[PDB]
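Next up: a single chain in structure tokens, the form deposited in one PDB entry.
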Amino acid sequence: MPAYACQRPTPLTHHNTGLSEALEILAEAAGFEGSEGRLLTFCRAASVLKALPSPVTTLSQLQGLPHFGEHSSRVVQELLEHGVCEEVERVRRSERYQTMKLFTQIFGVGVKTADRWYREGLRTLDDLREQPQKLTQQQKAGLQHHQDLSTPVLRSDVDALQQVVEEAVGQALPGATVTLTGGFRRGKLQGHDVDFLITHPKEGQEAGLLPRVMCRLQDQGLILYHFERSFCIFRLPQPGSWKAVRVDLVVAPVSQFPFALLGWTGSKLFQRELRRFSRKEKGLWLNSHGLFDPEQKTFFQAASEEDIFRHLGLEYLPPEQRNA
């Protein structure tokens, strides 16, 4: 088992779902306390189990696996012996975990804001609604649309959304293209992360594109709430009605498109691990715009995601195997 998640295939569904979910509770709780190192370890340990070819049934089987030390091994041991890990269950039940999860789920609210509200004594969405002057415009929209945004959308909804975006993009700049990214590109059948990546085959033509796309979607009445990244809430048709959905639109020049496609396809852990691998193992600096050699002071050209994996000396993984 290689130590970096970008060195191994990770499918969307696997053989250790309950074990990984428990470790991810501890990772999430560590984030709510600002403990980013512990979050990463628990995320990495969970991801290792997603990559295994069969269920872990005995503690012996964790020997030698990267990111399994005393704490993560104890969690697994308790789940294997008793079906439940007391520490995980204590987290799940706690007022702190439940409230931090509720508040950070709001679009416009991060850990730092949620923690401050928690320390002020706030606990429910209606608590927040009773002091809207304490809210940014972004948080107001997140709160108003929270219920709809809490329900995932289906791939069929995604395909309907992509056609409306393509219509606006075609008027904004004929020849521009729209690519579905995020979790749907990794094979999800449902999810919240509806993301599109927009480019044009002629380098430079995409300059100024995103405002023109946004204006056209607004004129169509599709934008409930809203440069090169736009974080939107869209109206999605439903039988007899509609619902709010979070949609991100991103523009990249074609030269950068493989790097943006790679970054926006995820998973989050996969990208962090890829960037860590690049820098620490290869001495190259990776982001969603390019890959820099700091000794030559040159950027790699890439025409495909395959090029980027080759640059980094990694076997290619298709999107469906990037579910770290």
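One rule holds for the numbers: they count along the sequence shown, beginning at 1. Superpose the two forms; the largest set of C-alphas matching within 1.5 Å is the rigid core.
Where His226 is followed by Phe227 in the displayed chain, the model omits 10 or more of the deposited residues that sit between the two. In this crystal structure, the stretch out of 297-305 and 18-26 whose C-alpha atoms carry the higher mean B factor is 297-305. Checked against the record, the higher mean CA B factor of 113-121 and 240-248 lies with 113-121. Out of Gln133, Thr181, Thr177, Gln147, it is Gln133 whose C-alpha atom has the highest B-factor in the PDB entry. Looking at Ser35, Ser54, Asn287, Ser47, the one whose CA carries the top B-factor in the deposited record is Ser35. Residue-level temperature factors show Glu166 in the middle third of its chain, judged at the C-alpha atom.
Residue-level temperature factors show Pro66 in the middle third of its chain, judged at the C-alpha atom.
Among the modelled residues of its chain, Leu197 has a C-alpha B-factor that falls in the lowest third, as given in the PDB entry.
When the CA B factors of the chain's modelled residues are split into thirds, the value for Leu80 lands in the highest one. In the deposited entry, the Cα temperature factor of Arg90 places it in the highest third of its chain's modelled residues.
One more form of this protein, deposited in another entry, exists but is not displayed; see below.
For the residues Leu209, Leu197, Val75, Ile233, superposed on the rigid core between the shown form and the other one, a C-alpha shift of 2 angstroms or more shows up only at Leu209. The Cα position of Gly34 differs by less than 2 Å between the shown form and the other one after fitting on the rigid core. Superposition of the core reveals a Cα shift of less than 2 Å for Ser54 between the shown form and the other one.
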